[PDB]
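One chain comes next, on its own, written out as structure tokens in the form deposited without the partner chain.
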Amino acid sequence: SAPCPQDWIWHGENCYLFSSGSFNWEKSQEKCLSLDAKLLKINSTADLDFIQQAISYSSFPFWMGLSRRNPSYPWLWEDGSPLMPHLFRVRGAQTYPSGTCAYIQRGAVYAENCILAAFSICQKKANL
């Protein structure tokens, strides 16, 4: 009956977890899925503000659920929805084996080869 499990952070309709380790994007995604969760989807200004404040203590890169299959396609979340207009810019964006993915670091969002390893943030719906 708790909104979120222990060790997660409850914010609004969702629960958030920082990953215990640093892995490539696909593996990061698999680990979120194992927890009945998904990689972070930043869907509003409120979400962006919450995430930026939460990572404000860290200089680490964190994978989110935003990617593009090849440099010719737009940025989409894992659910297929596009990046919300004017929410944030993806900095630093090329062709890699498994596409390009986005991470957030110091509040700013960057494009990177999905094969490289980073920490990640997972989210799932809160029990409300």
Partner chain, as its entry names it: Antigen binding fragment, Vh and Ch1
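Numbering follows the first chain given and starts at 1. C-alpha atoms forming the largest set that superposes within 1.5 Å between two forms make up the rigid core.
Peer 1: Which segment is farther from the shown form on average in 7 other deposited structures of this protein after a rigid core fit, 23-31 or 67-75, going by CA atoms?
Peer 2: The stretch that sits farther from the shown form in 7 other deposited structures of this protein is 67-75.
Peer 1: On a core superposition, give the stretch, 58-66 or 84-92, with the larger average C-alpha separation from this form in 7 other deposited structures of this protein (RMS over structures and residues).
Peer 2: Farther from the shown form on average in 7 other deposited structures of this protein: 84-92.
Peer 1: Check the entry and tell me how many residues of the deposited sequence have no coordinates between residue 87 and residue 88: none, 1 to 3, 4 to 9, or 10 or more.
Peer 2: In the deposited sequence, nothing is left without coordinates between these two.
Peer 1: Taking the recorded C-alpha temperature factors, which stretch has the higher mean, 54-62 or 76-84?
Peer 2: Higher of the two, by average CA B-factor, is 76-84.
Peer 1: Can you tell me which stretch has the higher mean Cα B-factor, 67-75 or 35-43?
Peer 2: On average, C-alpha B-factors are higher across 67-75.
One more form of this protein should be noted, the form deposited with the partner chain bound, which is absent from this view; the next part is about it.
Peer 1: Residue 60: heavy atom within 4.5 Å of the partner chain in the deposited complex?
Peer 2: It does: once the partner chain is placed as it appears in the deposited complex, residue 60 has a heavy atom within 4.5 Å of it.
Peer 1: State yes or no: in the deposited complex, is some non-hydrogen atom of residue 94 no more than 4.5 angstroms from a non-hydrogen atom of the partner chain?
Peer 2: Yes, residue 94 is a contact residue.
Peer 1: Mark residue 118 yes when one of its heavy atoms lies within 4.5 Å of a heavy atom of the partner chain in the deposited complex, and no otherwise.
Peer 2: Yes, residue 118 is a contact residue.
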